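Asker:
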Amino acid sequence: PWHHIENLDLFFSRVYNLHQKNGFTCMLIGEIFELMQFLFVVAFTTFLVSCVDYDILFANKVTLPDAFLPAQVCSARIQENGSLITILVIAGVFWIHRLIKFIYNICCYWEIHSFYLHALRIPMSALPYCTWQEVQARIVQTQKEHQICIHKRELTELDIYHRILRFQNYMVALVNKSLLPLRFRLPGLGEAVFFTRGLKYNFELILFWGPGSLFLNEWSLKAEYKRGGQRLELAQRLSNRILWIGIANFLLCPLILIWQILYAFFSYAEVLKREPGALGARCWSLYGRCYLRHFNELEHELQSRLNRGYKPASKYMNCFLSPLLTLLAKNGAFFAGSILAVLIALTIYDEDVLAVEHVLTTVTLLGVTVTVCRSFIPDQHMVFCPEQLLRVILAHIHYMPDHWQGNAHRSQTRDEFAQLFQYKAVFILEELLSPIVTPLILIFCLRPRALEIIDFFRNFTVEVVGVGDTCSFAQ
Amino acid sequence: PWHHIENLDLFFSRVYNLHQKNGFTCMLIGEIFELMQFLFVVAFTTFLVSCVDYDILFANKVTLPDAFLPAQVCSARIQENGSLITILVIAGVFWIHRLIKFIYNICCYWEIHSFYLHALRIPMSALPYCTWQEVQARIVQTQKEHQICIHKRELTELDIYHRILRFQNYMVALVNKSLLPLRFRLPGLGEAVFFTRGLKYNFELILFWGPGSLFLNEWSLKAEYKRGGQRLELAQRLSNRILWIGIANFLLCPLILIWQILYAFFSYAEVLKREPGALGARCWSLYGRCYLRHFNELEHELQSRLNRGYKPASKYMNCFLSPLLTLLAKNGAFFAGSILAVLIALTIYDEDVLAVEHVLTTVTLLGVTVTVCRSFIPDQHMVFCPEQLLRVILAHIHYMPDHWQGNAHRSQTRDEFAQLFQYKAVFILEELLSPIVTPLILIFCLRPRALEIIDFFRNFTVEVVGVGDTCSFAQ
Amino acid sequence: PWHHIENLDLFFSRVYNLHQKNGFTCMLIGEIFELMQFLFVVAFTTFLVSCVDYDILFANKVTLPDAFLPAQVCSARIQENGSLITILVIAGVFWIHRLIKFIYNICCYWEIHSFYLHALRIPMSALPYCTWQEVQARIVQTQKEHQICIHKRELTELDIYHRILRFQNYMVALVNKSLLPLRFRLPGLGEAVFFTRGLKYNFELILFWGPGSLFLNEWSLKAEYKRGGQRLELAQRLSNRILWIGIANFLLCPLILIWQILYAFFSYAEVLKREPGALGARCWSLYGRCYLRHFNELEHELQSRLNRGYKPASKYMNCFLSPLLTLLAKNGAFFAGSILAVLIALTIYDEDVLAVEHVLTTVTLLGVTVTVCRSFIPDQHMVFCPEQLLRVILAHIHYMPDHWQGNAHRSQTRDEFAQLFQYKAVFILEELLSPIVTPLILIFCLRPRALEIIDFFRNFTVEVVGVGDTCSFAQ
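Protein chains in written order, with UniProt numbering: chain A, 36 to 95, 109 to 523; chain B, 36 to 95, 109 to 523; chain C, 36 to 95, 109 to 523.
1) Using 10 angstroms around the beta-carbon of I293 of chain C, count the other beta-carbons present and answer buried if the total reaches 16, otherwise exposed.
2) Mind checking the region 352 to 377 of chain B against chain A and listing, in chain order, the residues whose C-beta falls within less than 7 Å of any C-beta there?
3) Count Cβ pairs between the region 439 to 459 of chain C and the region 406 to 423 of chain C that sit closer than 8 Å; are there 3 or more?
4) Hey, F79 of chain C and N217 of chain C: beta-carbon distance below 7 Å or not?
5) Going along the chain, which unbroken runs of the alpha helix (DSSP H) with 4 or more residues stay wholly within the region 472 to 501 of chain B?
6) For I476 of chain B, count the other beta carbons within 10 Å of its own beta carbon; 16 or more makes it buried, fewer makes it exposed. Which is it?
7) For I489 of chain B, tell me which candidate among B:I91, B:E128, B:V241, B:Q72 has the shortest Cα-Cα distance.
8) Check the C-beta distance from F68 of chain B over to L375 of chain A and give it rounded, since I have them as a contact under 8 Å.
9) Relative to the alpha-carbon of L222 of chain B, which residue among B:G514, B:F505, B:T395 has its alpha-carbon at the smallest distance?
10) Flag this pair as touching only if the region 246 to 266 of chain B and the region 202 to 220 of chain B have three or more C-beta atom pairs under 8 Å; answer yes or no.
11) Can you list, in chain order, the residues of its chain whose CB lies under 7 Å from that of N455 of chain A, leaving out five sequence neighbours each side?
12) Pop quiz: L282 of chain A and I502 of chain A are said to be a contact at Cβ under 8 Å. What is the actual Cβ separation, rounded to whole angstroms?
13) Return helix, strand or coil for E347 of chain A, following the three-state DSSP convention.
14) Are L74 of chain A and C86 of chain A touching if we call contact CB-CB under 7 Å?
15) Quick one: give me the first and last residue of the alpha helix (DSSP H) that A443 of chain A is part of.
16) Roughly how many angstroms lie between the CA atoms of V50 of chain A and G336 of chain A, to the nearest whole one?
17) Can you list, in chain order, the residues of the region 43 to 70 of chain A whose Cβ is nearer than 7 Å to any Cβ on chain C?
18) Compute the Euclidean distance between the alpha carbons of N507 of chain C and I290 of chain C, then round it to the nearest angstrom.
19) Output, in sequence order along the chain, the residues in the region 395 to 418 of chain A whose CB is closer than 7 Å to any CB in chain B.
20) For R146 of chain B, which residues from the same chain have a beta carbon less than 8 Å from its beta carbon, with the 5 sequence-adjacent residues on both sides left out?
21) Decide yes or no for the touch test of the region 269 to 285 of chain A against the region 489 to 499 of chain A: beta carbon pairs closer than 8 Å, at least 3 of them.
22) For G516 of chain A, which residues in the same chain have their Cβ closer than 7 Å to its Cβ, ignoring the five residues on either side in sequence?
23) Where does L132 of chain B sit, in a helix, a strand or coil, going by DSSP?
24) Identify each residue in the region 416 to 448 of chain C for which the Cβ-Cβ distance to at least one residue of chain A is less than 8 Å, and report them in chain order.
25) Helix, strand or coil for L43 of chain A per DSSP?
26) With which residues is residue 97 of chain B paired in a DSSP beta bridge?
27) By the 9 Å beta-carbon criterion, what residues does the region 293 to 318 of chain C contribute toward chain B?
28) Would you report the Cα separation of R125 of chain A and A326 of chain C, rounded to the nearest angstrom?
29) Would you call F251 of chain C buried or exposed, if buried means 16 or more other Cβ atoms sit within 10 Å of its Cβ?
30) Drop a sphere of 10 angstroms on the beta-carbon of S482 of chain C, count the other beta-carbons inside from all chains shown, and report buried for 16 or more, exposed for fewer.
31) For chain C, is any of its Cβ atoms less than 7 Å away from the one on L391 of chain B?
32) What does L112 of chain B touch in chain A if you count any residue whose Cβ is under 9 Å from its own?
33) Any beta carbon from chain C within less than 7 Å of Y164 of chain A's own beta carbon?
34) List the residues of chain C that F73 of chain A touches, going by C-beta distances under 9 Å, in chain order.
35) Counting only Cβ pairs nearer than 8 Å, list the residues of chain A close to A139 of chain B.
36) Using DSSP bridges, identify the partner residues of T518 of chain A.
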């Protein structure tokens, strides 16, 4: 808690993260688990590929370790694979980089832990329940005693929001003003939205944190971008930068594709074998987490709003009528139940129904038919609230398309309310497709917008006295 | 969309019906299905009786069509049945009358379609979805351009209600003022209420639409009924009319009993076969639909109120349970669970406790016993205030007997709240008994009330300027 | 229905009990079942111990009665057991005492049954629904025509309350003013609360109903306890009385432990084998039934309040979960589901990786592991630990520690709301430990308080004109 011992943002963000991952110990364990998952996916995969003798395992009493080959041979069998050794070297370099960042991160988090205990006085035991609210108000009271910022008024913390959410307000305003290509017109489908984890990572790596980004400090925009002139040369430089970052993405495509493959397998294939309908449930759509966001909104406030409003949204996706069918169901149930009631009364009367070549099969098929129809027959006295569903979901979200409020029941509303609330399976598919799709969108659809991106960052970037360079809307 | 081509009722009612059966294509299909159900019931009703050789089917590998007799013989075997041929001729005449009415109805519904599309501008695609208010908001605004009927009155915004519900407000006021015999004092039972579909049909055929009814136009009462004098001769004429309509009912009794027999038997029994407890669920009744109904209330508003308030009413009807049985359940569970715990501890200890002469059956039977008892044991901590709940049922239904609010928990309240809420099975029984019961109630219990019916229709019938002759209460 | 003939407290109490056990027949059956449960536990246990030949039953087709020994030998084998015969003689003496008390209990209850039928006019059929308020209204209206009570004073509807609840108001005020040792400071745990069924029985046997209690009549305090002087000799006498009652408890310890050890094992061992999580549900804690209870509150009013407020309290107790445990669950689910997905893909591919003598078992195990973790993984929402959940639990019960309202989310609040919420396993454990714990608390922790108990009963005991000697608070 040394005074002005650092820029405000890399300190405040860490403080917030420590509050979120409830405490230093929890956070440390979480990071360690995150590192062990990567290493386990890679090592389990390379063990399955390289060391196991599938033939003996399958056909040719056999104990499990009868399959595995001895290490003195596994090392040679994995080493004589140029492709495998190359993938493992790149994987190990990424891993070592992540482990080094982890060590540096915990050495910097012990400082935030001491900050809490000694200057905020919130022990790690009282932290899962201390509440964000407690600390955010509290630090502001600490600003008097344990001084921070060389020249600082007590933190309104309004600013503090700004520190934690500087680049996220920029993403919110970029997506809000329709820069950043998301909408695509696919043949055979409507206008798809393709916004993933990797794509937003690339957008932030291009714009905010890198070698030659728009920002030099993490709290100050480079000096040329504030100048009205020379906009065209800056646009050309940004276009070339994003071209080469897209080409790096295109070259790293195979490795990230392989990664998205295995982790998912383990992550989902289990769920598929258990409950194949868990992937039919719907999730709140990375595009949609950025669309339904609200000014200077920390992650936990957005997620509280998003799950307060989740069950109304599932009831909506669930609700619409399909009425003509209903009639087909009712009448098919009538005719099938009639023929089945006759055949059932006969088989009850004499019990020699059998020996008819198709009888028994007829009773079974008719039973299936009646059950399907009765499932399609709506339950009577089942209430319907189209108006309410397109009202309570909004009450939890607070943002709406202006052409949804009237026609809540149409396919236009469902089709674009779907993208915001889209189902897990298309989420897993869309995260699989991002390695192969992100470079081409990055090269083709964003490079034309570079001159508009430059004008955004020149026009909408205010210098607020305490915080530095923040988005103009987030004020 | 033309001007006053047909009675407003014969136009407004059709418009409303087209909105309800969501669209012309739906309406047609529904009517066609309604015609095919009648013909299908009667067909087999006659194929099962006449063409199938049950002896060969039962006992004397046999393919299904080994039972059926060739048509060249089925025609002769069905033709040499005077009773069957007579029932079929009457059935075919009723059918042809219904088919002719259907053709005329769709030829008149196309006109209405065109009304929607061209003057209201609501396509059949946006209709299931139009919503009631909007049509209301459309028809009344249209009254300016495509002028409505006489156009005498601009739309009242009540006028349409009176037009659609003229005779139904009369039924509501008749049942509300205790004309129209419903209560009966059966021996061995309390005061039963017998109000069916056929009985209300007969009441409307007697009073409203017929050769010599009270009404001549469908919107104007005959001129003599407005006169105070000659009430006694009018009462005698009405009594003779209802006598002869009751005698027509008594003569048609066998056929409606059969049809009631045939159409019902097929449907419900299979369901019982499937789930015999579906007939233990309770439905609102023709009565009760007429008791809880406001005056100018379209069918969909009543049904919305009736199913909003259905689950509270089922929670009420299921709330009273025997104290004594509970005790038997608790103690049978104790003794069975004790013997089973001993036998389970033994089979766990040695595992050869099993394979004993009674071993693999006592544990199973005791498990079934404990499960049945635990199902009969009420849930401790279960909160039921019978008295409190009726409150929510009232908040939905909106009407009640005064002597219910205090004693919500007695057998008097349940017994006559039972009548409003009776379970399906007594509904199906009560619709079966109506062919044989409706003529005798119609001849004996209503003919004495004819002089009160005449005084009702003379006293409570107002002439409203735009709509004609409407009930006096429905104002 | 006699003219104020026998001590009132008892007559009214019996009347109330007859209303509770809904009717004479029900009550009689309940008591008979209570007597048969004791005899069945004892006889089944002595049959299992003494008559069954376990060796033949286990190993050495065998019919069940091949195990049992003939009675001519069972009698000799049970008789040559001094310990067993002694326990059986004490058990039979307690039983005969209970059967004799039951006899009259019913000979005195036929009088209350005749009271109902002839003076209150509530048949036993209308009694499960007659309700308390009306009866109260019936008894108080009956007071006039038919003589009852001294007649010095007419009933006033609170007299009946004092009569039924004289000693229970004393218990409420004793526990409310922190006499009666309940809080203990165990090493390795917080301050435990140990209040059981046997402990409260002993407190009432010491204070209220016995040979030398504080009360001589059941409605009048002995004359010396009202005197300010001689308090020290009275304190010494009370201390000696409670010493010797504690020593009787210590000597009866083995027998009550046996029954407690016994009955309990039998009672929940069945439930354990069925649903091991039924013992994880929580119950309302004998301490807590006495803490949350108003003064003049009959048992059914307290229990109505206690179950109206049960589900809010379970929602509170389940709302706080360890994040760490959450993280361990998430990551154990990941690693187990990964290994299982691999093994499942193999057994699907070839089917001879299936039922690897080792694999099939693990697959299940791993399946058990994934299911346990997924049960520990939180699902969305329910994380509030809200002021609001408390704000409804309080609205039910109406009493909370004052340091609860602010910090509803801390471990201090959960830990001492925990004591009120009583998860059952502990109940069953705490009812098992009471035979061995009640004598030592009774000898050591209560005997020092005897001088404060004497001062309580001298200071807080008012003589109300109609009822006698009642607690001073219950006014």
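Using N, Cα and C, we set each Cβ at its ideal position, and we do this for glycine too.
Answerer: Quick look at the numbers:
1) Reading the third sequence from its first residue, position 245 is the one you call residue 293 of chain C. Its Cβ being crowded by 16 or more others within 10 Å, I293 of chain C is buried.
2) Listed by position along the chain: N355, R356, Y358.
3) no
4) Counting from 1 along the third sequence, the entry for residue 79 of chain C is found at position 44. Counting from 1 along the third sequence, the entry for residue 217 of chain C is found at position 169. For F79 of chain C and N217 of chain C, no; Cβs fall outside 7 Å.
5) The region 472 to 501 of chain B contains these whole alpha helix (DSSP H) runs: 472 to 480, 482 to 492.
6) As a first step, residue 476 of chain B is located in the second sequence; it is residue number 428 there, counting from the start. Its Cβ being crowded by 16 or more others within 10 Å, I476 of chain B is buried.
7) Along the second sequence, one-based indexing puts residue 489 of chain B at 441. When each option's Cα is compared against that of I489 of chain B, the closest is B:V241.
8) As a position in the second sequence, residue 68 of chain B is number 33, starting the count at 1. As a position in the first sequence, residue 375 of chain A is number 327, starting the count at 1. Right, their Cβ atoms sit about 7 Å apart.
9) As a first step, residue 222 of chain B is located in the second sequence; it is residue number 174 there, counting from the start. Comparing Cα positions, the closest option is B:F505.
10) Result yes; three or more Cβ-Cβ pairs closer than 8 Å.
11) By one-based count along the first sequence, residue 455 of chain A stands at place 407. Closer than 7 Å at the Cβ level, and outside the excluded window around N455 of chain A, lie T461.
12) Here residue 282 of chain A refers to the residue found at position 234 when the first sequence is read from its first residue. Here residue 502 of chain A refers to the residue found at position 454 when the first sequence is read from its first residue. At roughly 5 Å, the Cβ-Cβ gap stays under 8 Å, so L282 of chain A and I502 of chain A are in contact.
13) Indexing the first sequence from 1 puts residue 347 of chain A at position 299. Here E347 of chain A sits in helix by DSSP.
14) Stepping through the first sequence from its first residue, residue 74 of chain A is reached at position 39. Stepping through the first sequence from its first residue, residue 86 of chain A is reached at position 51. For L74 of chain A and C86 of chain A, no; Cβs fall outside 7 Å.
15) Taking the first residue of the first sequence as position 1, residue 443 of chain A is located at position 395. Run containing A443 of chain A: 434 to 445, per the alpha helix (DSSP H) assignment.
16) Within the first sequence, residue 50 of chain A is the residue found at index 15, counting from 1. Within the first sequence, residue 336 of chain A is the residue found at index 288, counting from 1. In this model, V50 of chain A and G336 of chain A are separated by some 27 Å (Cα to Cα).
17) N57, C61, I64, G65, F68
18) As a position in the third sequence, residue 507 of chain C is number 459, starting the count at 1. As a position in the third sequence, residue 290 of chain C is number 242, starting the count at 1. The alpha-carbon atoms of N507 of chain C and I290 of chain C are separated by roughly 21 Å.
19) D398, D400, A403, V404, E405, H406, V407
20) Your numbering for residue 146 of chain B matches position 98 in the second sequence. A distance below 8 Å between beta-carbons, with the five flanking residues on each side excluded, links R146 of chain B to the following residues of its chain, in chain order: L70, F73.
21) yes
22) Numbered from 1 along the first sequence, position 468 holds the residue referred to as residue 516 of chain A. If we look at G516 of chain A and ignore the five residues flanking it on each side, its Cβ neighbours are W267, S268.
23) Residue numbering aside, residue 132 of chain B sits at position 84 when the second sequence is read from its first letter. Three-state result, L132 of chain B: helix.
24) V418, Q428, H429, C433
25) Working through the first sequence from its first residue, we reach residue 43 of chain A at position 8. Coil at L43 of chain A, not helix or strand.
26) Shown without residue 97 of chain B, the model has chain B running from 95 straight on to 109.
27) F313, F314, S315, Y316, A317, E318
28) For this step, residue 125 of chain A is matched to residue 77 along the first sequence. For this step, residue 326 of chain C is matched to residue 278 along the third sequence. One C-alpha to the other measures close to 54 Å.
29) Numbered from its first residue, the third sequence carries residue 251 of chain C at position 203. Counting Cβ neighbours within 10 Å, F251 of chain C comes out buried, since at least 16 surround it.
30) Sequence index remark: in the third sequence, residue 482 of chain C carries index 434 (1-based). With 16 or more other Cβ atoms within 10 Å, it is buried.
31) To locate residue 391 of chain B, count along the second sequence from 1; it is residue 343. Cβ-Cβ to chain C under 7 Å: no for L391 of chain B.
32) On the second sequence, position 64 is the one that residue 112 of chain B refers to. Under the 9 Å cutoff, chain A gives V404, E405, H406, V407, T410.
33) Locating residue 164 of chain A in the first sequence gives position 116, counting from the first residue. Closer than 7 Å: no.
34) For the purposes of this step, residue 73 of chain A is taken as residue 38 along the first sequence, with counting starting at 1. Simply none; closest approach about 11 Å.
35) The sequence position of residue 139 of chain B within the second sequence is 91, counting from 1. In chain order: nothing, as chain A lies at least about 17 Å away.
36) Here residue 518 of chain A refers to the residue found at position 470 when the first sequence is read from its first residue. Beta-bridge pairing links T518 of chain A to A:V510.
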